[PDB]
Amino acid sequence: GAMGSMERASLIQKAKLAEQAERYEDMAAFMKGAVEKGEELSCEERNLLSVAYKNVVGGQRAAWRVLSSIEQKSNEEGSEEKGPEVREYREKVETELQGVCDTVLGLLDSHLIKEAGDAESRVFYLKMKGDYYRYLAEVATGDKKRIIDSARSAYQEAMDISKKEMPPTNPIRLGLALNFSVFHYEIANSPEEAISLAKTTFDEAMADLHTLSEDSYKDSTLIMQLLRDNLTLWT
Amino acid sequence: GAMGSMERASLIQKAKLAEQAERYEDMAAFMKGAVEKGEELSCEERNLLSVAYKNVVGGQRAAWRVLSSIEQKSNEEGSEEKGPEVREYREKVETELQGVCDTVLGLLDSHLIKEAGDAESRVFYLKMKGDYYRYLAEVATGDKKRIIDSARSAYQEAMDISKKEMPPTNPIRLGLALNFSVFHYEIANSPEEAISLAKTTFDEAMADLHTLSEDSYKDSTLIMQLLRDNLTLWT
Amino acid sequence: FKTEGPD
Amino acid sequence: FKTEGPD
Ligand SMILES: [Cl-]
Ligand SMILES: [Cl-]
Ligand SMILES: [Mg+2]
Ligand SMILES: [Mg+2]
Ligand SMILES: [Mg+2]
Ligand SMILES: [Mg+2]
Ligand SMILES: [Mg+2]
Ligand SMILES: [Mg+2]
């Protein structure tokens with residue numbers, strides 16, 4: 001791997017510099033190198049891994065959505081034939097997106113999840129596995145059912161652990177629930193399930209805010225507001 | 001070249017899709033492929049080439065500035081030694097930036113400039129040559145004088161042609177003058193020259209606005225406002 | 001719809 | 001300082 005000669009600590013340090021420079025593909029490559037050293041990741045390092053790949057895949061998803069919209073308009077009645085180029089370029093972007101998802105899923109399978117024993121690490125990684133299968137599902141049109149079921153399975157395992165091992169205000173638990181609710185609404189065609197999950201999660205967090213410090217309260221309420229924003233859109 | 005098997009018209013079409021998707025590295029690669037077909041570029045195609053590379057190099061320049069600032073702070077009295085990583089990563093970004101500038105300069109030398117006979121094409125390409133030498137000068141610390149003189153020479157040839165062949169309101173002439181004024185101020189340590197050029201250019205354009213259609217007036221006054229914004233910063 | 005983290 | 005075109 002191109003990062004095999006670089007110290008782990010140097011890869012972490014450069015990931016943080018890349019973040020400051022908004023060089024997210026570099027950040028992801030540094031964090032992939034750090035994972036491939038074989039040691040478990042700290043909380044801070046997990047979050048660098050997630051921020052890096054989320055920014056890379058987010059750019060790809062946005063591009064794919066633009067291209068797919070253009071392609072769909074091209075396939076409307078009375079649209080002029082323009083040749084294979086829009087499909088080809090949408091496919092190019094799609095294939096690159098799938099490649100990034102496969103890279104992340106591969107890091108999780110070899111060997112982040114199997115060595116993660118604490119609830120905070122294991123839930124974090126299982127949520128990531130659900131997220132990247134969800135991004136694969138957004139572009140899938142052929143195995144689609146199996147991709148969807150892989151996302152669902154990862155999210156459900158993360159949910160089961162989080163409900164047993166973490167308080168209802170924990171930010172990783174809250175972000176998991178937020179994302180699993182969007183899976184239900186956008187991917188699984190289950191808007192009622194999405195709404196029920198978001199509601200239950202919000203209400204259970206609200207009842208436990210009284211236990212928190214001012215700083216923890218800020219962290220939890222930020223995610224709660226995201227649940228509220230989706231519930232406003234959906235109801 | 002990876003684009004050698006793709007039709008010229010398909011490369012242009014995909015450059016425009018990449019622009020809509022904000023996929024500027026793809027856009028640049030498509031436009032490089034189009035240039036390498038060997039035919040001259042239309043006005044629209046010149047502008048796609050410029051927008052693509054300007055966005056790619058702009059991201060690199062922004063990243064370089066962040067990293068260089070961090071590196072300079074590290075070299076201040078009482079800063080803790082943190083090792084070679086900030087310098088290494090600044091160098092990585094710098095080398096990639098230089099590579100993009102060299103790619104653009106190479107397209108201009110082989111063979112865009114030599115086949116450009118009309119003032120609009122030749123001025124456009126010579127301005128681009130000044131711009132990419134200017135971006136090389138921003139990071140140069142060693143040949144620095146020769147890089148600066150190459151920028152200056154390109155801009156001066158473009159200026160000489162533009163003053164003979166184009167009206168004072170022409171947008172390419174105005175953007176050339178704007179950029180050459182910033183060269184004087186930022187690169188050549190010639191703030192008086194920068195201010196004189198920006199002033200003269202603005203005033204000569206203002207005196208010829210009366211000749212223009214409403215649409216041309218909008219195009220010219222947009223660039224004039226940029227000259228005004230720099231003059232406000234500099235005076 | 002909102003999901004966790006940056007875009 | 002402003003130069004021509006996008007960033
Ligand atoms: Cl393509
Ligand atoms: Cl590096
Ligand atoms: Mg070591
Ligand atoms: Mg496909
Ligand atoms: Mg109902
Ligand atoms: Mg042909
Ligand atoms: Mg260097
Ligand atoms: Mg003076």
# chains A, B, ... in the order shown; residues from 1 in each chain; ligands from 1
$ residues_near_ligand --ligand "ligand 8" --cutoff "10 Å" --atoms "only C-alpha atoms and all ligand atoms" --output "MDAnalysis selection string"
chainID B and resid 191:193 195:196 235
$ write_last_selection --atoms "N, CA and C atoms" --output "compact mmCIF listing (two decimals), in the first residue's frame"
# COMPACT_ATOMS: atom_id res chain seq x y z
N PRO B 191 3.43 47.52 -6.35
CA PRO B 191 2.04 47.97 -6.08
C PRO B 191 1.69 49.20 -6.88
N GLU B 192 2.61 50.14 -7.11
CA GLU B 192 2.27 51.34 -7.92
C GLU B 192 1.89 50.98 -9.32
N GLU B 193 2.64 50.05 -9.94
CA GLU B 193 2.33 49.59 -11.28
C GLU B 193 0.96 48.92 -11.32
N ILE B 195 -1.60 49.48 -9.31
CA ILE B 195 -2.64 50.46 -9.16
C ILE B 195 -2.80 51.26 -10.46
N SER B 196 -1.71 51.69 -11.09
CA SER B 196 -1.78 52.46 -12.34
C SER B 196 -2.50 51.64 -13.42
N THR B 235 -5.74 51.09 -2.17
CA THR B 235 -5.59 52.53 -2.00
C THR B 235 -6.36 53.04 -0.79
$ residues_near_ligand --ligand "ligand 3" --cutoff "8 Å" --atoms "only C-alpha atoms and all ligand atoms" --output "VMD selection string"
chain A and resid 6 to 9
$ write_last_selection --atoms "N, CA, C and O atoms" --output "compact mmCIF listing (two decimals), in the first residue's frame"
# COMPACT_ATOMS: atom_id res chain seq x y z
N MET A 6 4.98 4.80 5.86
CA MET A 6 4.81 5.96 6.69
C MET A 6 4.39 5.55 8.11
O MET A 6 3.54 4.66 8.27
N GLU A 7 4.96 6.16 9.12
CA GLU A 7 4.58 5.86 10.51
C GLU A 7 3.10 6.08 10.73
O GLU A 7 2.52 7.07 10.26
N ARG A 8 2.50 5.26 11.58
CA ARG A 8 1.13 5.47 11.97
C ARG A 8 0.81 6.86 12.48
O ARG A 8 -0.13 7.50 12.08
N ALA A 9 1.69 7.36 13.39
CA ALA A 9 1.43 8.68 13.99
C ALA A 9 1.54 9.75 12.94
O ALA A 9 0.83 10.74 13.00
$ closest_atom_pairs --of "chain A" --to "chain B" --cutoff "7 Å" --atoms "only C-alpha atoms" --output "CSV"
residue,atom,partner,partner_atom,distance
A:10,CA,B:85,CA,6.5
A:14,CA,B:85,CA,6.7
A:21,CA,B:63,CA,4.6
A:22,CA,B:63,CA,6.9
A:63,CA,B:21,CA,4.6
A:66,CA,B:21,CA,5.8
A:67,CA,B:21,CA,6.8
A:85,CA,B:10,CA,6.5
A:89,CA,B:14,CA,6.9
$ residues_near_ligand --ligand "ligand 4" --cutoff "7 Å" --atoms "only C-alpha atoms and all ligand atoms" --output "PyMOL selection string"
chain A and resi 91+94-95
$ write_last_selection --atoms "N, CA, C and O atoms" --output "PDB file, in the first residue's frame"
ATOM      1  N   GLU A  91     -22.180   6.297 -15.307  1.00  0.00           N
ATOM      2  CA  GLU A  91     -21.577   5.030 -14.922  1.00  0.00           C
ATOM      3  C   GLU A  91     -20.182   5.158 -14.379  1.00  0.00           C
ATOM      4  O   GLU A  91     -19.801   4.467 -13.460  1.00  0.00           O
ATOM      5  N   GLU A  94     -20.526   6.458 -10.931  1.00  0.00           N
ATOM      6  CA  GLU A  94     -21.114   5.392 -10.103  1.00  0.00           C
ATOM      7  C   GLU A  94     -20.085   4.349  -9.726  1.00  0.00           C
ATOM      8  O   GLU A  94     -20.036   3.896  -8.577  1.00  0.00           O
ATOM      9  N   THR A  95     -19.238   3.985 -10.689  1.00  0.00           N
ATOM     10  CA  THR A  95     -18.257   2.966 -10.438  1.00  0.00           C
ATOM     11  C   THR A  95     -17.218   3.461  -9.429  1.00  0.00           C
ATOM     12  O   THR A  95     -16.761   2.716  -8.551  1.00  0.00           O
TER      13      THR A  95
END
$ residues_around --residues "residue 1 of chain C" --least-positions-apart "3" --cutoff "9 Å" --atoms "only C-alpha atoms" --output "list in words"
residues 182, 186, 226, 229, 230 and 233 of chain A
$ closest_residue --among "B:104, B:137, B:31, B:48" --to "ligand 7" --atoms "only C-alpha atoms and all ligand atoms"
B:137
$ residues_around --residues "residue 2 of chain D" --least-positions-apart "2" --cutoff "12 Å" --atoms "only C-alpha atoms" --output "PyMOL selection string"
(chain B and resi 175+177-183+185-186+198+222-234) or (chain D and resi 4-7)
$ select_by_dssp --residues "segment 4-219 of chain A" --states "alpha helix (DSSP H)" --output "MDAnalysis selection string"
chainID A and resid 8:20 24:35 43:74 85:107 113:115 119:139 144:165 171:182 191:206 214:219
$ atom_distance --atom1 "atom CA of residue 43 of chain B" --atom2 "atom CA of residue 74 of chain A"
26.4 Å
$ closest_residue --among "A:58, A:76, A:92, A:108" --to "ligand 1" --atoms "only C-alpha atoms and all ligand atoms"
A:92
$ atom_distance --atom1 "atom CA of residue 154 of chain B" --atom2 "atom CA of residue 113 of chain B"
10.9 Å
$ atom_distance --atom1 "atom CA of residue 134 of chain B" --atom2 "atom CA of residue 3 of chain D"
11.6 Å
$ residues_around --residues "residue 149 of chain B" --least-positions-apart "2" --cutoff "12 Å" --atoms "only C-alpha atoms" --output "ChimeraX atom specification"
/B:129-130,133-134,136-137,143-147,151-156,183-184,187-188
$ residues_around --residues "residue 206 of chain B" --least-positions-apart "5" --cutoff "10 Å" --atoms "only C-alpha atoms" --output "list in words"
residues 168, 169, 200, 201, 217, 220, 221 and 224 of chain B
$ write_last_selection --atoms "N, CA, C and O atoms" --output "short mmCIF file (atom, residue, chain, number, x, y, z; two decimals), in the first residue's frame"
data_model
loop_
_atom_site.label_atom_id
_atom_site.label_comp_id
_atom_site.auth_asym_id
_atom_site.auth_seq_id
_atom_site.Cartn_x
_atom_site.Cartn_y
_atom_site.Cartn_z
N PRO B 168 -11.42 48.55 -25.43
CA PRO B 168 -11.05 48.61 -24.00
C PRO B 168 -12.05 47.91 -23.10
O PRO B 168 -11.73 47.64 -21.97
N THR B 169 -13.28 47.64 -23.61
CA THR B 169 -14.29 46.94 -22.83
C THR B 169 -14.29 45.46 -23.07
O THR B 169 -15.08 44.75 -22.46
N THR B 200 -6.05 52.84 -15.07
CA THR B 200 -6.08 53.15 -16.52
C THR B 200 -7.09 52.23 -17.21
O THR B 200 -7.88 52.65 -18.09
N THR B 201 -7.03 50.96 -16.87
CA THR B 201 -7.91 49.99 -17.52
C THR B 201 -9.35 50.33 -17.22
O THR B 201 -10.23 50.32 -18.11
N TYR B 217 -22.59 45.30 -21.98
CA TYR B 217 -22.39 46.19 -20.83
C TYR B 217 -22.33 45.40 -19.55
O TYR B 217 -21.47 45.65 -18.72
N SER B 220 -18.92 43.51 -19.35
CA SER B 220 -17.74 44.38 -19.08
C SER B 220 -17.79 44.95 -17.69
O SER B 220 -16.75 44.99 -17.02
N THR B 221 -18.96 45.38 -17.23
CA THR B 221 -19.02 46.01 -15.93
C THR B 221 -18.77 45.03 -14.81
O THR B 221 -18.24 45.42 -13.76
N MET B 224 -15.05 45.16 -14.57
CA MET B 224 -14.70 46.46 -14.04
C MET B 224 -14.86 46.50 -12.54
O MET B 224 -14.04 47.16 -11.86
#
